[PDB]
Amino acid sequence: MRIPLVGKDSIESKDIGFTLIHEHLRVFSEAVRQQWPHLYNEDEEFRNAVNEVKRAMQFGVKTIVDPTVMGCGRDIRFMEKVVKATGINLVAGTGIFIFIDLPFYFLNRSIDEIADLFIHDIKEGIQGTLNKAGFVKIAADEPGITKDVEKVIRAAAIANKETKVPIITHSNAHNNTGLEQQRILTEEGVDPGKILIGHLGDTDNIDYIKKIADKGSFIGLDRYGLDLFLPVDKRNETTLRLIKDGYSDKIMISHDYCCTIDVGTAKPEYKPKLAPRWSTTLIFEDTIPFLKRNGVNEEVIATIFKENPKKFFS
């Protein structure tokens, strides 16, 4: 019994089953929600997330990994409410989601102070609860590896060395931050097989994607349906190409869907053009039927959505 579950007992990795490795029940800015509660609706958010999870379960999904952490509104109590309503296996995480600078709390604070916050969440529990974190989540985007972004990466390595949970990342697919996160994490002694470099499905540069996978880490083909980053047809033929070239040992697939997100870019006005078919079940409606009538047999699908998450968490 290694992997902690929100609102359930920890399970052994052989029981994870068909997993969606990267999906968000709810996303918000902590400071904004605290200071202006009138902009949010708890009841509409709960019922949206319940409705999305149940439909993914009708397609056979057993476990959702939810990498919502500090900076994006991680609420451990909301999550265990959604678990009770649906019965999904739900893995929560710890970490810090920043692109530039840490919050003011962290001025004059060591990398060890930050890693201790991740270890508290893993070993004791999240937000005063006994639900424990099952991975660490870190991020870098267009601003590159800044000094505080580097501090967070090095803090994740300390927490993994001490607890053995794996690491999921957010990177920008067109600026090498994915390769850099992998380089810093492995220089500091993390097993590359415990790193999922994220948002690599945002590019059709097969060479860049393959260079990360050849250094031993999982590649996140994890934003199916966010057309503004890359359209579905283009992601599909990249997934096909990687599978034909033999890379199914490192492929993980998901949607990065947010059953609610408070960001202004994700208004319903903009949905028709930026992300029309985006949801937690799009891969069942499109990608997997696309792969199979393109010669990919069901043993490969099992590897990607079951065997690979099992190894990540083993």
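Note that residue numbering follows the sequence shown and begins at 1.
Name the higher of the two by mean Cα B-factor in the PDB entry, 231-239 versus 193-201. Comparing 231-239 with 193-201, the higher average CA B-factor belongs to 231-239.
Between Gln35, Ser254, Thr260, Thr68, where does the Cα B-factor run highest in the record? Among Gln35, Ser254, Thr260, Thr68, the highest C-alpha B-factor in the entry belongs to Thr260.
Highest recorded Cα temperature factor - choice among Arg223, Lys137, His120, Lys81: Within the set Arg223, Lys137, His120, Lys81, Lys81 shows the top C-alpha B-factor.
Among the modelled residues of its chain, does the C-alpha B-factor of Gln127 lie in the lowest, middle or highest third? According to the entry, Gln127 has a C-alpha B-factor in the chain's middle third.
Check where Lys14 lands among this chain's C-alpha B-factors and tell me if it's the lowest, middle or highest third. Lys14: CA B-factor falls in the middle third of its chain.
Grab the CA temperature factor for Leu107 from the record and place it in the lowest, middle or highest third of its chain. Highest third.
What third of the chain, by the recorded C-alpha B-factor, contains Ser171? According to the entry, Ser171 has a C-alpha B-factor in the chain's lowest third.
Divide the modelled residues of the chain into thirds by Cα B-factor and specify which third, lowest, middle or highest, holds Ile21. Answer is lowest: the recorded C-alpha B-factor places it there.
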